[PDB]
DNA sequence: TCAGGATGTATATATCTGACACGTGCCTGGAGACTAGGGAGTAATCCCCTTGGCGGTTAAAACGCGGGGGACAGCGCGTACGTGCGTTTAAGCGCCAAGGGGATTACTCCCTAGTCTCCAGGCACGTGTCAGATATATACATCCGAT
Ligand SMILES: Nc1ncnc2c1ncn2[C@@H]1O[C@H](COP(=O)(O)OP(=O)(O)O)[C@@H](O)[C@H]1O
Ligand SMILES: [Mg+2]
């Protein structure tokens, strides 16, 4: 809790810590009152295939954010290969960090199967167990796989996560990802409301249009990744 | 009948969200004079209602009979509902956008009500009447039960 909570603070102050408004105003005041006195440049191929030069630093940015243990949103534009740049990071955890699964692949219904198609083409031998279908084929799939604790990559749609919450609510998670995250722009939206209760270390959000309506929507995205940091 | 199905029916678990308990203040109910007018009690007058009995007229009501036709029981029968299975289709559920509608919440005034003060003139009551609605009779024309 506080070991990461404190460490993130001066790390924000470390890399251009020019905030000086909410880093100190934020009940974390007494927590920081204690301290108030004071890399894959080779297009690596652990995941199969070659990575074009401008795609790597994004992964290292994810790696650096992971190595610093803070969540981050990427804002690659449409058609730029966010799919590859997403699964590559998970390969980093599986290969370099040796932490395979569990993770979610919360995505639109249209792209449910699409990522799995792209998942295998750069990283075969993966545990992708998409949860989709009628009331039945989903149901028995819960016990054998979701309740079997034998997965690393879980694919489920916006509508699914609001249905199969009770299984996934029990399961602890490391990371949770949402593609085309802008549907989380109303912080009282029931899907956004449900995701508050999902236990995870950090979260990843993929978007191309973070700011669409106001600047108030950005904080709702920020309230999701780092609720402690912004919280208002 | 009995075994084959299909259908409620108890039962344990996990979820949750709705009922309940708790602190604040502000607003309303309570204490306490002060007063006036509604209502309780009284007296007087007159019309209606009671209880028990009597006498009379005269239509309705009670009773019996006979005969028809309407009811209720059966017998087909041929639909028109049921039951079941497959498959679309729409209800419901989320989400996006911007407004207007509305309900407090808080001052201001205008004006339009209530209150009083006379004072005439509407209206209710007690008097005639005569015109409309009776009851009478009769001729008729108009349905109903047998050829
Ligand atoms: N380094 C690469 N080499 C070859 N193809 C790539 C590379 N990076 C991305 N792609 C392809 O470009 C496509 C871009 O898709 P993307 O925009 O990530 O989809 P989405 O918008 O649904 O996330 C992907 O389907 C992927 O196959
Ligand atoms: Mg995409």
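Note that the numbers count up from 1, one per residue, in the order the chain is shown.
Quick check of the header: electron microscopy, 3.0 Å.
From the backbone N, Cα and C atoms, a Cβ is placed for every residue, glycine too.
For reference, Swiss-Prot has these:
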BINDING   A:76, A:77, A:78, A:79, A:80, A:81, A:82, A:83  ATP binding site
DOMAIN    A:63-228  domain 'Helicase ATP-binding'
MOTIF     A:179-182  motif 'DEAH box'
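The Cβ of residue A:78 (ATP binding site) has A:208 as same-chain neighbours under 8 Å, each 6 or more residues away in sequence.
Comparing Cβ neighbour counts within 10 Å across the binding-site residues A:76, A:79, A:81, A:82, A:83, the minimum falls on A:79. Sitting within 8 Å of the Cβ centre of A:76, A:77, A:78, A:79, A:80, A:81, A:82, A:83, and not among those site residues for ATP, are the Cβ atoms of A:85, A:208. Remark: of the binding-site residues A:77, A:80, the most isolated position is A:77 (fewest other Cβ atoms within 10 Å of its Cβ).
DSSP gives residue A:82 (ATP binding site) a helix state.
By the rule that a residue counts when its Cβ sits under 6 Å from some atom of ligand 1, the binding-site residues A:76, A:78, A:79, A:81, A:82, A:83 yield A:78, A:79, A:81, A:82, A:83. DSSP assignment over the motif 'DEAH box' (A:179-182) gives 2 helix, 1 strand, 1 coil. DSSP gives residue A:77 (ATP binding site) a coil state; it is part of no helix or strand.
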